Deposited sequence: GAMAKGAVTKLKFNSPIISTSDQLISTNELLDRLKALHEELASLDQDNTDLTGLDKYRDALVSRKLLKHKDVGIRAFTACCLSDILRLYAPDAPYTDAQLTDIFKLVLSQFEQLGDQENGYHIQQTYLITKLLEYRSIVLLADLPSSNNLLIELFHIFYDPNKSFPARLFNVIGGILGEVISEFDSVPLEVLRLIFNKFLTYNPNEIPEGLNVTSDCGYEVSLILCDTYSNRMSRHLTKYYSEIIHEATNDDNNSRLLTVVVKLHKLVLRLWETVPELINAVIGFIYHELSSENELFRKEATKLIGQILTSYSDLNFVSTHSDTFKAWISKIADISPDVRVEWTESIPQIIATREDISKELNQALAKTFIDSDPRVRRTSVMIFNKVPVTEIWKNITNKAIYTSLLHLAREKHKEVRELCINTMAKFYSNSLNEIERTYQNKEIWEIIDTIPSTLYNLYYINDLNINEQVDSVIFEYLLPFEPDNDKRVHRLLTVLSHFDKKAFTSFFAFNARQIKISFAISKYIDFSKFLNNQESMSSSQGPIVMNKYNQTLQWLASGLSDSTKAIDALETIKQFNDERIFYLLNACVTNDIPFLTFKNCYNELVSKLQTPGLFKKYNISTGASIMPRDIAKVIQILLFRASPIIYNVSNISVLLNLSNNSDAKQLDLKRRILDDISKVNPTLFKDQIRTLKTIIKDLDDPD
């Protein structure tokens, strides 16, 4: 009762009919009273000569007074009264609600344009938090509603709160909710949706200073008040799922869970510590009866493993990560594909694992469903060669990859062929050899042989494909005279006898093909001018060319596309194309100009009974067998003895090659040595 400090303000605050107080006088008085109360020290203060105003500052005439100033000052005063009297809690619950609706109003106006009393309201909110009087709001019979309202105030989009207060707003909402056991779903929708509805980094721009109250608030709550929020997050997940589930609309559940998963994915990125609150649901979702939810859960954890996080998922939540890798054996193929689709990014984003991955992909590469096998080989296509070489190391993967090249299934086989070839190419142009990676190389080095062995299956499409693929990735057409050979040897380095016999056969055919296209043009030129409509050979040469064209078209998958193509070329009867074509097949051409005639030739055919595109894809593959690429001025480079001694594995190839080049057709071979002499 007795104190050293004392309230020195004693002016009336209530306007009656007998004695009236002007609005301005009342404003000034309430200002004074506010300023004075603020200064008061809680412990050292009379407090007895203050009930007068305790009783006065709750009059509805002031609570709902027109002038905002009176209301704001009243708010502050009451803020202080609460602070001084506590922990006695002088007002009754009713009065306290009446006060706390006023404070909410003040908070509401705080986000509005300045009413000239922003400062008072700043004081209000700050001091309501500092002295923790705010939480009184929670012990009221209307607390839930007041909570919802309190939250809607600050999360309202139409309000513009300054950034300075965000830490305070997160405080207010922090404390007020820390007193709650069961928070209304509404508030939680409010708090959590902000993760969905506000994604930074979405608009590339100059400063991105824009910022958002509700989001930072959500972060403050989910970071600073994690321990109390997690409990609710769990309830949010379960309740939302529960709500969607029992919904009359039967197609909502999936749509909402797919959203929850996004909420989760964001939380993991922003506040990974919270994910613990719902990780169990996911864990159980992976093993759910409905395949779709397993698919989604798989996709989710798939997304998680590729996201930047201060925390580490496999360390933190190994339990479910194991359950994640456990989905390479899910009954539903869709789930397996869903899993397998995620690896490239994972590998591309984390080296954390090369153990379970290598364990899993091995099974994924020999799965009964061709979709997953395709999605498996797609790895070698989508993620860069280097990261493959670094991350995946299991023997079985490569063997299976190459193994599928002989598979019945077409769509897999083709992709396989193309992939492992482009891979072979890239797997030499980027990765060198050491003492430890050579262990798998004996597989990457048997790629060309394997490729060349496909010819033995005798399929037109496959032969066409291998033809196309070899000259695309293996034996390229660029970029110089020496390295083509240097690599050529490395391609020939690891061959079995079959690979050599086929390699040579393919070359033995080239001369017979050249001897055919040359005569093809020599016979096609017959329509340059009238030589014999029915004269010299009219009745006989037409049926030599006509029947000759079938010979070259007997090796192509779609002969009816071949016989049609070149006849239209006879329809053309343009000399340029004939000169280039003829030039490509005549044998003995410097390697460099061949490229020049070929590229222009193919480019020329583009964009002029059906589309020429065909004719291009026909004559190109047809040329790959027809023209000389390997037996040419390369000879001159193999001729130069690159090494005095050593490198026996190179000289035996020099031999293997030249020995044959001298045998298949020596019209070219014996001449260079003559030039050398």
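- When the deposited sequence is numbered from 1, the segments without any C-alpha atom are 1-4, 613-624, 694-703.
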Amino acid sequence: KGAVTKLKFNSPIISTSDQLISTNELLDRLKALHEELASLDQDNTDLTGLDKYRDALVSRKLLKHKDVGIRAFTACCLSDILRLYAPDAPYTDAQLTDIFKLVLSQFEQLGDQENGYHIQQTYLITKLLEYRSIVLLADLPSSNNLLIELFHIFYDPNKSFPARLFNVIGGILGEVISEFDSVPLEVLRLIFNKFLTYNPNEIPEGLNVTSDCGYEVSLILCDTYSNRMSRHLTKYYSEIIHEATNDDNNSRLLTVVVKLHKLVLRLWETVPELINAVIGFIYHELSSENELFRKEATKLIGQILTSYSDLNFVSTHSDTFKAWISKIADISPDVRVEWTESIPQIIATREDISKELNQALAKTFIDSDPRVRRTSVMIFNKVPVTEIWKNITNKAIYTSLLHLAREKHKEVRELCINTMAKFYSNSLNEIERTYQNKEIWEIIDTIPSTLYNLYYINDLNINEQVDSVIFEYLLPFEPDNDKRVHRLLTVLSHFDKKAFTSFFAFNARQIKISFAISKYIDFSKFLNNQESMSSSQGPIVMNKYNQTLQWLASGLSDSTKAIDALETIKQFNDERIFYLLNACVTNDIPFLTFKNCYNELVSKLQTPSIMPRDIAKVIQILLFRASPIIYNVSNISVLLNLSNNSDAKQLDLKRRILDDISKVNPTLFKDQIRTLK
From here on, numbers count along this sequence of modelled residues.
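- The mean C-alpha temperature factor is higher for 498-506 when 498-506 and 72-80 are set side by side.
- In this entry, the higher average B-factor at the C-alpha atoms falls on 621-629, of the pair 621-629 and 35-43.
- Looking only at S15, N665, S11, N24, the residue with the top Cα B factor in the deposited structure is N665.
- For the set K295, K408, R433, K322, the PDB entry assigns the largest Cα B-factor to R433.
- Per-chain ranking of the deposited C-alpha B factor places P384 in the middle third.
- Per the deposited record, the Cα B-factor of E285 falls in the lowest third when ranked against the other modelled residues of its chain.
- Compared with the other modelled residues of the chain, the Cα B-factor recorded for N249 ranks in the middle third.
- In the PDB entry, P539 places in the highest third of its chain by CA B-factor.
- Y598 sits in the highest third of its chain by CA B factor, as recorded in the PDB entry.
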